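Colleague: Protein chains in written order, with the UniProt record's numbering: chain V, 76 to 149; chain W, 44 to 764; chain G, 2 to 62; chain Z, 4 to 101; chain P, 2 to 81; chain R, 372 to 741. Think of the CB as a built atom: it goes at the ideal place given N, C-alpha and C, for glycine as much as any other residue.
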Amino acid sequence: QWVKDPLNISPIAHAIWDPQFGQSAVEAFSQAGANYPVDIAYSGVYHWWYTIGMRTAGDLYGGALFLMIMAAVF
Amino acid sequence: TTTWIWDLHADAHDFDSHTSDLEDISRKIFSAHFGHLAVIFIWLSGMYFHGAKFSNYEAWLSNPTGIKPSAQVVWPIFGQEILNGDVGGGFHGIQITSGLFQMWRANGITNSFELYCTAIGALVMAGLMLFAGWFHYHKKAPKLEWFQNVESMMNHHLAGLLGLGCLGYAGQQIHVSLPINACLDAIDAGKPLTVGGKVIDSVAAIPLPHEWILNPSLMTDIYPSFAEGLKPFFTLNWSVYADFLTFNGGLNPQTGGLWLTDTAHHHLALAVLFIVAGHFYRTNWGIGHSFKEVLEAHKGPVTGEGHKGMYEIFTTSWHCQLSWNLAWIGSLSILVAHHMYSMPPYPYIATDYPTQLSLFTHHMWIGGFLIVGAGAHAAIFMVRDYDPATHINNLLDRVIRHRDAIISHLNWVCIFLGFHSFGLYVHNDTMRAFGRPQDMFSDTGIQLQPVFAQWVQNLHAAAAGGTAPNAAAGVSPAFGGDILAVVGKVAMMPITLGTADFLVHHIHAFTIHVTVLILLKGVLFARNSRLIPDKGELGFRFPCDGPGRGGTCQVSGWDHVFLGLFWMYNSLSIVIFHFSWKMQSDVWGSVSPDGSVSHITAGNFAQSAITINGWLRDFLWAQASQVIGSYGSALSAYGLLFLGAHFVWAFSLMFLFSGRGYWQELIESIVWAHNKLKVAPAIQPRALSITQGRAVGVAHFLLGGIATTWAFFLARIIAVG
Amino acid sequence: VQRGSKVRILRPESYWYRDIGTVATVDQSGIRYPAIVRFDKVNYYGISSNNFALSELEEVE
Amino acid sequence: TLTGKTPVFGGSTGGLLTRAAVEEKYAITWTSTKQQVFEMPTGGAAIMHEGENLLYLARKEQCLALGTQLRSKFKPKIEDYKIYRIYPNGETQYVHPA
Amino acid sequence: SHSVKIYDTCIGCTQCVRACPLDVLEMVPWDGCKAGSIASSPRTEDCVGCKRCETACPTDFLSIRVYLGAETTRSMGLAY
Amino acid sequence: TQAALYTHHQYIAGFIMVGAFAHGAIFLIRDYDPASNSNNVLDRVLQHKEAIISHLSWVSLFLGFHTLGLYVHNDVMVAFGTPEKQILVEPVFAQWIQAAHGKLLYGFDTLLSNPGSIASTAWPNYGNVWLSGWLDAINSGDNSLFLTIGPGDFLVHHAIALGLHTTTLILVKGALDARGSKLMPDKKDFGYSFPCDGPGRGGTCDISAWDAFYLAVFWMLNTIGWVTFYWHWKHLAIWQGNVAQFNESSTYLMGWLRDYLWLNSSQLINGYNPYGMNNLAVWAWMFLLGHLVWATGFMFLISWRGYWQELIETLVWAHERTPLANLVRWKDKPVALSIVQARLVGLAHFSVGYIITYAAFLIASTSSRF
Ligand code: CLA
Ligand code: CLA
Ligand code: CLA
Ligand code: CLA
Ligand SMILES: CC1=C(/C=C/C(C)=C/C=C/C(C)=C/C=C/C=C(C)/C=C/C=C(C)/C=C/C2=C(C)CCCC2(C)C)C(C)(C)CCC1
Ligand SMILES: CCCCCCCCCCCCO[C@@H]1O[C@H](CO)[C@@H](O[C@H]2O[C@H](CO)[C@@H](O)[C@H](O)[C@H]2O)[C@H](O)[C@H]1O
Ligand SMILES: CC1=C(C/C=C(\C)CCC[C@H](C)CCC[C@H](C)CCCC(C)C)C(=O)c2ccccc2C1=O
Ligand code: SF4
Ligand code: SF4
Ligand code: SF4
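(1) Between the beta-carbon of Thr34(Z) and the beta-carbon of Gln65(Z), is there less than 8 Å?
(2) Within 10 angstroms of the Cβ of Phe495(W), are there 16 or more other Cβ atoms? Answer buried if so, exposed if not.
(3) For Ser709(R), report the span of its alpha helix (DSSP H) as first-last.
(4) Is there a Cβ from chain R that is less than 8 Å from the Cβ of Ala476(W)?
(5) To which residues of the same chain is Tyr585(R) closer than 7 Å at the C-beta, ignoring the five residues directly before and after it?
(6) Starting from the Cα of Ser511(R), find the closest Cα among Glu421(R), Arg415(R) and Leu475(R) and give me that residue.
(7) Measure from the C-beta of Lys553(R) to each C-beta in chain G and report whether the shortest distance is under 8 Å.
(8) Expressed to the nearest angstrom, what Euclidean distance is found between the alpha-carbon atoms of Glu348(W) and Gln38(Z)?
(9) Less than 6 Å between C-beta atoms, sequence neighbours within five positions excluded: which residues of the same chain meet that for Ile450(W)?
(10) When the Cα atoms are used, what is the spatial distance from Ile710(R) to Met383(W)?
(11) Would you list the residues sitting across from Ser641(W) in a DSSP beta bridge?
(12) Do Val604(W) and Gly418(W) count as a contact pair if the criterion is CB distance below 8 Å?
(13) Is the Cβ of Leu58(Z) closer than 8 Å to any Cβ of chain P?
(14) Can you tell me whether DSSP reads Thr263(W) as helix, strand or coil?
(15) Between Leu69(Z) and chain R, is any beta-carbon pair separated by less than 8 Å?
(16) Scan the region 549-589 of chain W and note each continuous alpha helix (DSSP H) run of 4 residues or more that stays entirely inside, going in chain order.
(17) Between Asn106(W) and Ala232(W), what straight-line distance do the alpha-carbon atoms span, to the nearest angstrom?
(18) Under 7 Å, CB to any heavy atom of ligand 3. Which residues pass, going along the chain?
(19) Determine which residues of the region 14-36 of chain G have a Cβ less than 8 Å from any Cβ of chain P, and write them out in chain order.
(20) Measuring CA to CA, which of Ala20(P), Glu72(P) and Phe62(P) is closest to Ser4(P)?
(21) In the DSSP assignment, the alpha helix (DSSP H) including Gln469(R) goes from what residue to what residue?
As C-alpha cells, then:
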C-alpha cells in the first residue's frame with residue numbers, strides 16, 4: 076500500500092504486542108491505515124527498497140529468506 | 044606553586060588549626076562574632092538607606108495593593124536602564140521581593156526620615172560592633188571560665204536577649220505600631236477615620252510616634268482602657284486590657300496579615316515565658332538547676348552510663364556547639380518559612396505573591412545549608428575533639444558501637460522510601476501513557492489519601508470555640524475556613540490535601556532521609572571504618588587513601604558534606620517546587636465580586652503533579668514561559684540570569700566529572716609553550732587539588748542550580764502574580 | 002666533578018629533564034648516585050634535591 | 004596458645020564477621036602498666052588492663068592501627084605488641100613484628 | 002596480590018617503611034647507598050595498594066613503585 | 372526519516388571517530404616499538420608532542436572565548452531591547468563556495484555561476500553533461516542542496532569547530548601522553564586503563580589514557596549535539612515555511628532555548644496528559660526515561676568509590692546478622708564498583724540518556740507536524 080502512494084502513507088516498522096496497553100493506547104497506535112497497533116518506520120528502508128526495485132511483500136520475503144541462509148553460510 | 048594561593052584562603056578561619064590552646068581560640072571566636080554582627084548592621088543599614096533614598100515607599104504606603112514595592116534604581120548605561128520597570132507611583136526601578144515595605148509598615152514607619160535615622164542608627168551599631176571586637180580582643184580579652192560559664196549564659200540569653208527583646212518589642216508594638224496601624228487601616232478603608240481635630244486624613248497627617256508617647260489622650264480614643272492606666276496590671280485585674288491585647292487568633296480581613304493586637308499579646312506572653320525560663324540555671328546565688336547534675340541524673344537501664352560526657356564536650360568543644368547550633372537555626376529557618384506563608388504576619392504581604400514565594404524559598408535554602416553544616420562540624424568534632432576517655436558506655440559511646448545497625452537501617456528505609464514514593468510517580472507515568480488512568484495513584488484512581496494530615500486539619504479548623512474556647516477564629520485559614528481576600532486577591536484559603544499531596548510529602552520524607560544518611564554516615568564513620576581503620580589520622584579533609592582496597596575515593600568526613608550538599612539541593616528543590624505549584628494551583632489567585640477564586644494555574648495540581656511528565660510539562664515547561672519570553676522587557680535580567688545560571692551549573696560538571704591528573708598533564712604542555720618563548724611564571728602553575736576540584740565543582744553546581752530556580756521563580760511570579 | 006657547577010640532566014623519568022641545577026655536594030664513596038643536585042623549582046611533591054649518576058649528566062658551566 | 008585478658012568492652016557491631024570463623028583471624032597481644040582507656044579500631048572505647056592484653060580483630064590493618072595507637076597515644080609508649088594470624092584449624096602464625 | 006618494586010635509587014631514608022599501614026616493607030642492609038640500607042617488600046601478599054609508601058618516597062622519580070595486580074580478600078581490604 | 376537518518380549517522384560517526392583515537396592510544400602502549408620505529412614519521416610526532424597539544428589548546432581556547440563571547444554579546448543586545456546592536460558576521464567564505472558551485476543568490480559570479488568561465492564551459496572537451504542538471508537543482512529553492520547560510524550559520528560552525536578541536540585535543544593528549552608525562556613517567560608500565568597513581572605528587576585522578584577517552588566522549592556528544600541541533604533547527608525552519616525564525620533567533624542563545632528547545636517540545640510532552648494520550652506517548656515516555664538515565668550517570672561520575680564501599684560494608688553486616696536471611700549466603704563478596712568501572716558505567720548512562728532523549732525529541736517534534 077505504500078508504493079501506490081509514498082507521499083501520504085506512513086511506512087510501518089512492525090506490529091506492537093504489549094499486553095500492558097490500555098484500550099485507548101491500542102486505538103492510538105492503530106495508525107498508518109492499519110487496524111492493529113504499529114510503529115511508524117523512520118529508518119528509510121521503504122524508500123530504499125522501493126528505489127532498488129522491490130514492489131511486493133513477496134519480494135521482501137524472498138530477500139528475507141536469502142539473508143537467513145546467507146547468515147547460516149557465514 | 045599555585046596550590047598555596049588557594050590554601051591561604053582555605054586555611055583562613057580554621058582557628059583551632061592555627062593554635063592549640065582552647066582559651067585563645069575563644070577570644071578569636073568572640074571577636075569575630077562582633078565582626079559578623081557589624082557585617083549584618085552594614086547590610087541592614089543598606090536596606091533602610093535604599094529604603095529611604097531609592098524607593099517608592101510612601102507612594103506604596105498610599106496604595107499598598109496597587110503599587111509594586113521597589114527599592115533599587117539602575118543607572119542609565121549600556122542599554123541597561125530598561126530594568127527600571129514601571130512599578131507604579133511614578134517610579135522606575137526594580138521590583139523588590141524581600142518584603143521590607145510590609146515589615147516597615149508593621150513597624151509604624153510612615154515616611155523616609157524614619158528610615159534614614161534607622162539607616163544611620165544601624166551604621167553606628169556597626170561601628171560599635173567593630174569597636175567591641177577590638178576592645179574584647181586587642182585590649183581587654185575575657186577568660187575561659189567566663190566562656191565556660193554556660194549556666195550564666197543560658198540565664199542571660201533566656202531572660203535577657205529573648206526576654207527583654209520580646210518585652211521591648213511589645214512596648215514598641217503597643218505604644219508605637221498599634222496606633223499607626225489602627226490609623227493606617229482606617230485611611231486604607233473609606234470609612235471610619237475616627238476621630239478628632241486632626242481627625243486623620245493623610246498618611247503624613249498621622250502623628251509622629253513620640254506624640255503617642257507624650258500625649259496619653261491620643262492613645263485612648265482607639266483603645267479606651269488607656270485611661271485606666273498601669274494600675275490594673277499591678278492588681279492582676281487583667282481582662283480590662285482586652286482592647287490592644289487580644290486573642291482574635293487569625294488574619295485581619297483588612298490587611299490580610301496577622302492581628303497586630305494578637306502579636307503584641309504574643310510577644311508579651313513569650314516575654315514572661317522567656318524570663319521565667321531564665322531563672323532555671325544555678326549561678327552564684329545558690330538556687331537553680333545545674334547542667335552537669337541534671338545530665339547525670341537521666342541514666343536509664345537501656346542506655347548505659349546515660350548523659351555522662353555531654354557536659355564535657357558541650358563546654359570544651361567549639362565544634363560540638365557549632366554543629367548543634369547550626370542544626371537548630373537551620374531547622375528554625377525552615378520552620379520560619381512554613382509559619383510565615385500560612386500565618387502571614389505583615390500587612391499586605393499575603394497578597395504580595397512575589398514576596399511570599401521569595402521569602403519561603405529564601406528561608407528554605409538558608410535552613411538547608413545550615414543543617415548540612417551541622418553534619419560537617421559534627422564530623423569535625425569526631426575527628427578533632429572526640430576523646431575516648433570522656434565517652435565510656437555513655438550515649439556517645441553506644442551510638443558508635445551500633446553504627447552499623449544505625450546506618451544499614453537508615454539505608455533500608457531510604458530504599459523503601461525511594462521505591463514507595465518515586466516509584467508511584469513512574470507507575471503513574473506508565474499508566475497514563477498506557478491509557479489506563481483508572482490504574483493510577485490519584486484522587487480518581489487508586490486513592491492514597493493523607494488521612495492523618497486530614498484528621499489534624501479537622502482538629503485545627505474546629506479549634507476556635509472548642510479546644511481553644513477563648514479564640515475567635517482558627518490559627519490559619521489553611522487548616523479550614525473560608526477564603527480571605529484582600530482587594531482582589533486571595534490572602535489565604537484552605538489548602539486541601541489529596542493523593543497528590545500524599546505523594547510529594549513522601550518524596551520529602553525520602554529526600555531528607557537520604558541527606559540524613561549521607562551526613563550521619565560521615566559523622567559515625569569519621570574516625571574509622573572496616574575499610575580505613577585509621578581514617579581519623581588522615582583528618583577531616585583529605586581526598587582518599589589511594590587506589591587500593593578496591594579504591595578509597597571520598598572516604599573522608601569532608602566528602603560526605605560534599606555529597607550531602609547535592610542531596611540537600613535535591614531535597615529543597617522539590618520542597619520549593621511543591622510550594623510554588625501548590626500555591627499557584629490551589630491557593631493564590633484573583634477573587635470575583637461573586638466570590639469564586641480563579642487560581643493562577645487553575646487547579647491543575649491534583650491531576651498533573653502525580654506524574655513526572657506533569658511536573659515537566661505543566662510546571663516546568665509551562666511556567667518557564669515568563670522567564671524565556673522576558674527579553675526586551677523589565678524582567679529581562681531574569682532571562683539573562685536564567686541562561687547564565689544554566690551555564691554555571693554545566694560548567695561545574697567539568698570539575699565534578701574529571702580529575703586533576705588530566706589537568707596537571709595538560710598544563711605541562713602549556714608551560715612548555717610558555718618556556719619556549721616568554722613570560723612563564725616563577726610561582727609554578729598546578730592543577731587544583733582533588734579536594735578543591737570537588738569544592739569548586741559543588742559550589743558552581745549549587746550556584747548555577749539555585750540561581751536558575753531563582754530567575755525562574757521571580758520572572759514567573761512577578762508577571763502572573 | 003667539581004662542587005658548584007651548573008648541571009643538565011639527561012634521563013627521562015626525572016622531573017628536571019634538561020634543567021639547570023646547582024650541586025650541593027659530591028662524595029667519592031662508590032655509590033650508584035653520588036651527586037646531590039639542588040634545583041630552583043620544586044617537583045610535583047616538593048623535593049628540589051635529587052641524587053644523580055655522572056653517567057647521566059651534562060654541564061655547560 | 005595465646006594468653007592475655009580481653010579488654011573491658013560492651014561489644015559492638017564493627018567486630019568479627021563470618022570471615023573470622025571460616026577464613027582467617029587476627030589477634031594482637033600487648034602488655035600495659037596502667038588500666039587506661041583506648042579507642043577500638045572498630046569504633047568505641049575499651050579498657051585495657053595491667054599485664055597481658057588480648058584482642059581479636061578481623062584484619063591485619065586493624066591490628067596495626069591499634070599498635071600505632073599503642074605507640075603514639077600513651078605515656079609511656081607501648082612497643083611490645085605482637086600480631087598473630089589465626090587460621091580456622093587453630094594454627095596461629097606470628098606475623099608482626101616479623 | 003600487588004607488586005611492590007624497590008629500585009636502585011633508594012637512599013635508605015626508611016620513610017616508606019614507616020608509612021606502610023600493613024607492614025609490608027622493611028629495611029635490608031645494602032651498601033649501595035650512603036645509608037647502607039635499602040627498602041624491601043617481603044610481605045607483598047598483605048599489600049592493599051594504598052600507595053602511602055610512594056607518597057613518602059623523597060626521590061625523583063620514586064624508588065618504590067606499587068603495581069596493582071590480582072585482587073584477593075587481603076588486597077581488597079575486606080573484613081568479610 | 373531524513374532527520375532520523377542524519378542524526379543516526381552523525382552520532383555513529385562521532386563514536387567511531389573517538390574509538391579511532393582510543394585504539395591509536397592502545398597501540399602506543401601495547402604495540403609501539405621505539406627501536407624499530409626509530410626516527411620515522413611516527414617517532415617524530417611524539418618528540419614535538421608538546422607543540423601539537425599546545426597548539427590544539429590555543430585553537431580551542433581562541434574559538435571558545437570568541438564564539439561564546441559573540442553569543443553572550445548578542446544575548447545582552449536582544450535582552451536590553453536593541454537587536455540591531457548584535458554582531459552578525461556573514462559567512463562570506465562559504466557563501467563564495469556556493470557561488471563557486473553555481474548558486475546565484477549571493478551574486479559573486481565566479482566559476483560555475485559565471486556562464487563564460489573556464490570551469491563552466493570546460494573548454495577543450497566540452498564534456499560538461501552534468502552541468503545543466505546540477506545548476507537546475509542548486510538554484511531550486513526547495514531542496515537541501517547547498518542551503519542559504521547567514522550569520523546564524525556563521526556562529527554555529529565556529530561552535531562546531533570548537534567541538535571538533537577540543538575533542539581532538541583530549542584524544543590526542545590522551546594518545547601522546549599514553550606512554551608517560553612528567554606526572555607519571557612510567558605510564559606505559561601500568562596499561563591503557565588504570566584508576567590513578569594515588570593522591571601523592573599532588574593527586575593523579577584520571578591520569579590514564581583510558582581516562583582521556585572517557586572525557587572525550589562527553590565532548591564528542593556535546594559536539595554532535597551542536598551539529599544535530601543545528602541541522603534539525605535549520606531544516607525545521609525550512610519545512611515549517613518560516614526560515615526567518617532560524618535567521619532571527621539563532622544568533623543569540625535564548626533563541627535556541629526558546630524557539631527550538633522549548634517551542635518544539637509542546638507536542639512531545641503532550642503525548643500523554645490528564646485528558647488522554649496519543650501515538651507520541653511512547654516518545655514522551657522515552658523522553659523522560661532518557662532524562663532519568665542521563666541523571667543516573669551523574670551519580671557514578673560525581674560520587675566516587677570509597678563512599679559506596681563503606682556503605683556496602685554496613686549492608687554486609689546487616690545480612691549476616693538478620694535471622695532467616697543469613698541462611699542465604701552470597702558466593703561472591705559484595706564490593707563497590709571499581710574506580711574505572713563507574714567512570715565507564717557513568718559514561719554509559721550519560722551516553723544512553725543523551726541519545727534516547729534527543730532521538731525521542733527529534734522524532735516526536737518532526738512527526739507531530741509532519
Ligand atoms: C555559623 C556558621 C559556621 C561557622 C562559624 C563555620 C566555620 C568554619 N567552617 Mg563550616 N560550615 C558551615 C557553617 C559554619 N562554618 C555551613 C553552613 C556548611 C555547609 C556548606 C559548613 C561546611 C564546612 C566544611 C565542609 C568545612 C567547614 C570548615 C569551617 C572552618 C574553616 C572555614 C574557613 O576558613 O573557610 C574559608 C572560607 C571560604 C574559603 C569561603 C568560601 C565560600 C564559597 C566559595 C562559597 C561562596 C558562595 C557565595 C555565597 C556566593 C557569591 C558568589 C559571588 C562571589 C560570585 C570554620 C571553623 C572547614 C574545616 O576544616 O573545619 C575545621 C571545612 O572543611 N565548614
Ligand atoms: C515563638 C517565637 C516567636 C514568633 C512566632 C514570633 C512572631 C513574630 N514576630 Mg517576634 N520576636 C521573638 C519571638 C517570636 N516572634 C523573639 C525571640 C524576638 C527577639 C527577642 C522577637 C523580636 C521581633 C521583632 C523586632 C519583630 C518581630 C516580629 C514578629 C512577627 C513577624 C516575624 C516573625 O518573627 O516570624 C515568625 C517567627 C517564627 C515562626 C520563628 C520563631 C523563632 C523564635 C526564636 C523561637 C523561640 C523559641 C521558642 C519560643 C521556645 C519554646 C518555648 C516553650 C513552648 C517550650 C511575628 C508575629 C516583627 C513584626 O513586625 O511584628 C508584627 C518584628 O518587627 N519579633
Ligand atoms: C536521577 C538520578 C539518580 C537516581 C535514580 C539515583 C538513585 C539512588 N541514589 Mg543517587 N545520586 C545521584 C542521582 C540519582 N540517584 C547523583 C546525581 C549523585 C551525586 C551527588 C547521587 C549520590 C548518591 C548518594 C551519596 C546516595 C545516593 C543513593 C541513591 C539510592 C537511594 C535509595 C533508593 O531510593 O532506592 C530505590 C531506587 C530508586 C528510587 C531509583 C528509581 C528506581 C525505579 C523506581 C525502579 C524501576 C526499576 C525496577 C527495579 C524494575 C527493573 C527494570 C529492569 C532491570 C528489568 C538510589 C538508588 C543513596 C543510597 O544508596 O541510599 C540507600 C545514597 O546514600 N545517591
Ligand atoms: C558548559 C560547560 C562547560 C564549559 C564552558 C567548558 C569550557 C571549557 N572546557 Mg570543559 N568540560 C565540560 C563542560 C564545560 N567545559 C564537561 C561537562 C566535561 C567532562 C568532564 C569537560 C571536559 C573538558 C576536557 C577534558 C577539556 C575541557 C576544556 C575546556 C576549555 C576549552 C577551551 C575554550 O573553549 O576556552 C574558552 C573558555 C570558556 C568557554 C570558559 C570561560 C567562560 C567565560 C569567558 C569566563 C568569563 C569570566 C567570568 C565572568 C568571571 C567570573 C565572575 C566572578 C565569580 C569572578 C573551556 C574552558 C579543555 C581545556 O581546558 O583546554 C585548554 C580540555 O582539555 N573540558
Ligand atoms: C593518535 C594515533 C593514531 C590515530 C590517528 C587518527 C585517529 C587520526 C585521524 C585522522 C583523520 C581522521 C584524518 C582525516 C583527514 C582528512 C583529510 C585531510 C581529507 C582531505 C580532503 C581533501 C584534501 C579534499 C579536498 C577536496 C575537496 C574538499 C573538494 C573536492 C576536491 C578535493 C578532493 C581536492 C594512530 C592510529 C596513527 C596510532 C598512533 C597514535
Ligand atoms: C511510603 C508510603 C507507603 C506507600 C505504599 C503504597 C502501596 C500501594 C497502595 C495500595 C494500597 C491501598 O490501595 C487501596 O486500594 C483500593 C482498591 O483498589 C483503592 O480503591 C480504588 O480502586 C477501586 C477498584 O476496585 C475502586 O473501587 C475504588 O473506588 C477506588 O478508591 C483505594 O483507593 C486504595 O486506598
Ligand atoms: C578545569 C579543571 C581544572 C583546571 C582549572 C584550574 C587550573 C583553575 C585555574 C583557573 C584560574 C582562573 C586561572 C587564573 C590565573 C590567575 C589568577 C589569573 C591572573 C590574572 C588576574 C588579574 C585575573 C583543575 O585543576 C581540576 C582539578 C581537579 C578536578 C577537576 C579540575 C577541572 O575540571
Ligand atoms: S624507597 Fe623511598 S622512602 Fe623507601 S627507603 Fe628508599 S628513598 Fe626512602
Ligand atoms: S601500597 Fe600501601 S600497603 Fe602496599 S606497601 Fe605501599 S603503603 Fe604498604
Ligand atoms: S582516583 Fe583520585 S581520589 Fe580516587 S584513589 Fe585515585 S587519587 Fe585518590
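Modeller: Once the coordinates are examined:
(1) no
(2) exposed
(3) Unbroken run through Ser709(R): none, as it is neither H nor E.
(4) yes
(5) Once the five neighbours on either side are set aside, the close Cβ partners of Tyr585(R) are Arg714 and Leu718.
(6) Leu475(R)
(7) yes
(8) 19 Å
(9) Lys564
(10) 47 Å
(11) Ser633(W)
(12) Yes, the Cβ-Cβ distance between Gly418(W) and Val604(W) is below 8 Å.
(13) no
(14) coil
(15) no
(16) As summarised for the region 549-589 of chain W, the continuous alpha helix (DSSP H) elements at least 4 residues long and confined to that stretch are 578-581, given in chain order.
(17) 11 Å
(18) Cβ atoms closer than 7 Å to ligand 3 belong to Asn454(W), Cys457(W), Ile458(W), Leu460(W), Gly461(W), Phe462(W), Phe465(W), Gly466(W), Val469(W), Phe553(W), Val557(W), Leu560(W), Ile561(W), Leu606(W), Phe609(W), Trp610(W), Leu663(R), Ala666(R), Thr667(R), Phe669(R), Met670(R), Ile673(R), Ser674(R), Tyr678(R) and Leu682(R).
(19) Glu14, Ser15, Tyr16, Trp17, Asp28, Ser30, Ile32, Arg33 and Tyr34
(20) Ranking the options by Cα distance to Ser4(P), first place goes to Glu72(P).
(21) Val463 to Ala471
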